[PDB]
Amino acid sequence: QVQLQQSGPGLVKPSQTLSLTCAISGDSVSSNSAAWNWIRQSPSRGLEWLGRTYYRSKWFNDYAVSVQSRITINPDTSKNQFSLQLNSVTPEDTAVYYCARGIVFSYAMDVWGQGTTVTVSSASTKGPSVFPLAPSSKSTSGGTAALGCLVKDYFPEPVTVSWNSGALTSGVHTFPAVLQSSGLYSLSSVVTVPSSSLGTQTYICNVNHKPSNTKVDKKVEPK
Amino acid sequence: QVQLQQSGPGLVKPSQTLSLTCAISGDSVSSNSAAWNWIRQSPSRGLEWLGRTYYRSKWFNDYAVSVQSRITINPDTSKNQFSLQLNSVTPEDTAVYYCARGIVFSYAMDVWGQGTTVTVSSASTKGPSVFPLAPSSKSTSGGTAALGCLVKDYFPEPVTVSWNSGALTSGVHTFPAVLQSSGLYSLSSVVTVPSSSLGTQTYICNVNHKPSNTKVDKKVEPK
Amino acid sequence: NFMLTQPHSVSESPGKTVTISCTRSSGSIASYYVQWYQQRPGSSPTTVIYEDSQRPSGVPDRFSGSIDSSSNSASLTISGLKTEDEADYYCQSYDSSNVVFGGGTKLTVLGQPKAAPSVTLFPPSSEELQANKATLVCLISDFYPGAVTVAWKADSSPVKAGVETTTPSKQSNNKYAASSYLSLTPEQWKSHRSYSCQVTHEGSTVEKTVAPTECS
Amino acid sequence: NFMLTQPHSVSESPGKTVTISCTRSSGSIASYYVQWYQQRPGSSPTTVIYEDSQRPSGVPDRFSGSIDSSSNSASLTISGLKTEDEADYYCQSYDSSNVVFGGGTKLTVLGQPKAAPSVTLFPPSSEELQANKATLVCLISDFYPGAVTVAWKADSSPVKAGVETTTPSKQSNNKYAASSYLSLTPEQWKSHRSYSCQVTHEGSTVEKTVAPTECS
Amino acid sequence: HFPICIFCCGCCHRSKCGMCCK
Amino acid sequence: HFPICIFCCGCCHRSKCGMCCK
């Protein structure tokens, strides 16, 4: 079976060079019937083919017009791998990068690698600021009120959130993070509770951010 | 204690004359310290003073400018009552009409009568047409779906609605009727049910309109 | 030709003090006597304050009127609120040419948590369009306090013609429901890209929108 | 410089047949080979159809590709749907100058009743405004199938700057939640009469609106 | 004897405006 | 010996367009 192993930095600062390698096993990088492609995916740009390398008595490389001026795709027959570089990265280059085997003629992908997330951000380690998402009649439906905590502007991932030190799990939902144009993440955690408990039960979110060695407890009460 | 008893037709055709009487007991229509008022109320026009009659060595009558050209308020000392007439009625005269005792000087009302609804409509007896309000993802919240029946264009009131011949009462709400510009009523009845029952439980609304001797059963299923 | 303006609703916990104001558009509030009327749902009004602050026989001393010739506004204050005091309150006055009522204020005495309405917009049924009519039904449910404002739109424009709306009323669980209707011809229904039912409650709004091309 | 356009989502009961189309903006669909890719959440894509209708080794014969040179559109058809088939599907092709992917189609295999999202819009907290920022959080919950479209407005105008939105994902009960954020400066927040979060699901829309002057 | 009612201010016998009789 | 790859139609050896080699 063909295997594709991806490797390289997952964080890259703006203006620097993104550099990834795909190590092939089970097939040849000089294979006479394959092409070796790079494809990236973001929410908002969706799937985008970057380029590809192949040997037909000679190495040929095709490239997407959008990136041709900053892209390098190079084979290495001594290691049975191909690389991707992208110079002068901007936050618009944040994406999951896939290597893949495909078909020369039909620009088809055959076998997909597992992918590598690369984030482009100039941030370093920063702990979150936590703000309440206070329940009110506008978050209450029936006898049920939503309340939450907003976890802003931290780096890197991940943050984890519990409620009441883990005593409250029913009804809790912690969303995935967004990466903002600042190069920092934000997420929310919400919990749904009886609206009649709002007067008398304490709700505390516990935000953990191991990378910055920070924990924040925030009591969320009605407005 | 002062009592005010109201009397007169509750339905009046457009262009005809509305005519109501208020019979006073416990006080005098010629009382030297009282005025005898007519006030109407609709949703949309709210409370509206119409006019008033009083005896100060002589009968005096004050009237709202808006209705002065079509209004008559007359005392009757022989019966201890006062009347209201309004000529040339239009559907804008549909309202609850109150007689009241009040204070001459301060245009104040003292003692309110119980009120009489007068409807202005040219309709006669007409049975309803019933249409489904079918449940869909847009009426479903959580594991709960709203469905209903719309009861259009009947006259006079009332219509009553049950669900499943009265087997289904939990979650049922039948709204009050609206009177449309056609001079006919419409209402809805809604019921909230488990959304998982929509495939397999039958929901039938039973619309009764005694005045037209009509009953309509309508099965409401998902769209 | 003045008006008297009161908040649409006002709510407060039992035992507490509440005030309901009434602003006069023109004319001096102090020059003319102000009455306050109480009206419980399905009942005729009752006078609670007359001639600015006179309290009729039988009205609890918890009720008092006052006048603020400055803001040009009368005020009805109720202390030690009890659930019986829950009602609509109307101010009323006059000038030389007309008698004027205020638009009324629903006073809720809070007995349970406040809750924003759930709104479901039903498009015309296919059966009704065969009958050559098209009625949009906006069902407004489970809200508290029971005071809402409803508006309709066609595409992005306000629609006023063909709307009828019921006064909120209590459900079995003591929250309130209300209904509203937009009657159109099938040509009007098919003429637009969308229709919306908008409901404001406690100073925020929910709008539900449906398309005749629904789908999907 | 063409595009390939697919429905945002498509849903169908297990056992049934479903089709997902892909329309080419320019160029002849028949002149260039069309691939289809499957992508389950948190996984890399997998090829299911290549060169219009070739089915790679290991792909069930329930999967087939076809071409309609008339409507200028490729199509992926799946018969006897099973819950494993639930995924995003992307079509892909090329011309002489670029390789193009379609925008993808979420295929849901219906396991429970459909449900419109509940939406709650949280205004900026007072604490955050002290920090000189103002973030509106739109919480989108309990919907099924798990595909929505989110848009923001300021007053009545579309707002695009400062928005971030998460991809819907499963809650503990197998319905989906999603979140969206509008980041403003406190001057922007106070500069407008209202802000709205709009969510479309299954071809109808809910919009929640809050005012900086809330109140009340 | 000869009956009037009149709309007036600072009159019979009140600080404010309103309708005054007999 | 002298290697080419060329983007072409009705070519090696297919009904459609695409990239043709060696």
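The analysis underlying the following values was restricted to heavy atoms, covering all of them including side chains, and did not include hydrogens, waters or symmetry mates. Below, chain A is the first sequence line, B the second, and so on; all start at residue 1.
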(message) Any non-hydrogen side-chain atom of D/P145 less than 4.5 Å from a side-chain atom of D/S9?
(response) no
(request) List the atom of B/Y203, the atom of B/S197, and the distance in Å for their closest heavy-atom pair. (result) OH-OG, 2.7 Å
(request) Would you indicate whether the side-chain heavy atoms of B/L187 and B/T174 approach each other to under 4.5 Å? (result) yes
(message) Between A/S139 (side chain only) and A/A146 (backbone N and O only), is there a donor and an acceptor less than 3.5 Å apart?
(response) yes
(message) For the SG atom of C/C197 and the CH2 atom of C/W152, what is their distance to the nearest 0.5 Å?
(response) 4.5 Å
(request) Could you tell me whether the side chain of C/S204 and the main chain of D/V210 form a donor-acceptor pair under 3.5 Å? (result) no
(request) Could you walk me through whether B/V190 and C/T120 pass the side-chain contact (heavy atoms from CB on, under 4.5 Å) test, one step at a time? (result) CA-CA 11 Å; B/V190 67; C/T120 319; over 6 Å; no
(request) Would you indicate whether the side-chain heavy atoms of B/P156 and B/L11 approach each other to under 4.5 Å? (result) no
(message) So for atom NZ, which belongs to B/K215, do other residues, nucleotides or ligands contribute more than 12 heavy atoms lying within a distance under 6.0 Å?
(response) yes
(message) Ignoring hydrogens, what is the shortest heavy-atom contact between A/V172 and A/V191? Give both atom names and the distance.
(response) CG2-CG2, 3.4 Å
(request) For the residue pair B/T125 and B/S212, confirm or rule out a side-chain donor-acceptor distance under 3.5 Å. (result) no
(message) Could you report the tightest heavy-atom contact between B/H209 and B/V159, atom names first, then the distance?
(response) CD2-CG2, 3.6 Å
(request) Measure the shortest side-chain to side-chain distance between C/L136 and C/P124 over non-hydrogen atoms and say whether it is less than 4.5 angstrom. (result) yes
(request) Just do the side-chain contact (heavy atoms from CB on, under 4.5 Å) check on C/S183 and B/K152 with the steps written out, would you? (result) CA-CA 11 Å; C/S183 302; B/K152 283 288 292 210; 3.4 Å; yes
(message) Check whether C/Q188 reaches the backbone of C/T185 with its side chain - one donor and one acceptor, N or O, closer than 3.5 Å.
(response) yes
(message) If you compare all heavy atoms of C/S180 against all heavy atoms of C/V150, which two are closest, and at what distance to 0.1 Å?
(response) OG-CG1, 3.8 Å
(request) Would you check if the side chain of D/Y144 reaches a backbone N or O of D/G111 as a donor-acceptor pair within less than 3.5 Å? (result) yes
(request) Kindly indicate whether the side chain of D/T209, heavy atoms from C-beta on, has any atom under 4.5 Å from the side chain of C/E207. (result) no
(request) Decide whether C/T205 and C/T200 meet the rule of one side-chain donor and one side-chain acceptor closer than 3.5 Å. (result) yes
(message) Under a 3.5 Å distance rule, please check whether C/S43 uses its side chain to pair with a backbone N or O of C/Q39 as donor and acceptor.
(response) no
(request) Using atom types as modelled and distance alone, determine if a side-chain donor or acceptor of C/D142 lies under 3.5 Å from a backbone N or O of C/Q171. (result) no
(request) Please answer whether the main-chain N or O of C/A151 pairs with a side-chain N or O of C/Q198 as donor and acceptor at a distance below 3.5 Å. (result) no
(message) Measuring from atom CG of C/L139 to atom OG of B/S188, what distance do you get when rounded to the nearest 0.5 angstrom?
(response) 8.0 Å
(request) May I ask you to decide if the ring planes of D/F143 and D/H201 are parallel, tilted or perpendicular, using 30° and 60° as cut-offs? (result) perpendicular
(message) Less than 4.5 Å apart, side chain to side chain, heavy atoms only: is that true for B/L147 and B/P132?
(response) no
(message) Working to the nearest 0.5 angstrom, can you tell me the gap between C/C138 SG and C/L182 CG?
(response) 10.0 Å
(message) Checking the side chain of D/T166 only, and the main-chain atoms of D/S179 only, is there a donor and an acceptor separated by less than 3.5 Å?
(response) yes
(request) Quick one: pull up OG1 in C/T108 and OH in C/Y176 and give me the separation to the nearest 0.5 Å. (result) 6.0 Å
(request) May I ask you to test the B/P211-B/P158 pair for a side-chain heavy-atom distance under 4.5 Å? (result) yes
(message) Working note: B/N208 + B/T160, criterion side chain to side chain donor-acceptor pair (under 3.5 Å); need CA distance, chi angles, decisive distance, verdict.
(response) CA-CA 5 Å; B/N208 260 90; B/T160 58; 4.7 Å; no
(request) For residues B/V220 and B/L133, determine if any side-chain heavy atom of one lies less than 4.5 Å from a side-chain heavy atom of the other. (result) no
(message) Between the side chains of C/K133 and B/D153, is the shortest nitrogen-to-carboxylate-oxygen separation below 4.0 Å, so that they form an ion pair?
(response) no
(request) Could you tell me which non-hydrogen atom of D/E202 sits nearest to which non-hydrogen atom of D/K114, and how far apart they are? (result) OE1-NZ, 2.7 Å
(message) Among C/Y181, C/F122, C/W189, exactly one meets side-chain contact (heavy atoms from CB on, under 4.5 Å) together with C/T135. Which residue is that?
(response) C/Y181
(request) Provide the closest heavy-atom pair for B/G143 versus D/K175 in the form atom of the first, atom of the second, distance. (result) N-NZ, 4.3 Å
(message) Just checking C/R193: does its CZ atom have more than 12 heavy atoms from other residues, nucleotides or ligands closer to it than 6.0 angstrom?
(response) no
(request) Would you confirm whether D/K208, through its side chain, and D/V119, through its main-chain N or O, come within 3.5 Å as a donor-acceptor pair? (result) yes
(request) Could you grab the distance from atom OG of C/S126 to atom NZ of B/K223, nearest 0.5 Å is fine? (result) 12.0 Å
(request) Starting from the C-alpha separation in whole Å, work towards a yes-or-no answer on side chain to side chain donor-acceptor pair (under 3.5 Å) for D/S118 and D/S141. (result) CA-CA 5 Å; D/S118 283; D/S141 66; 4.8 Å; no
(message) Strictly distance-based, threshold 3.5 Å: is any side-chain N or O of D/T77 a donor or acceptor partner for the main-chain N or O of D/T19?
(response) no
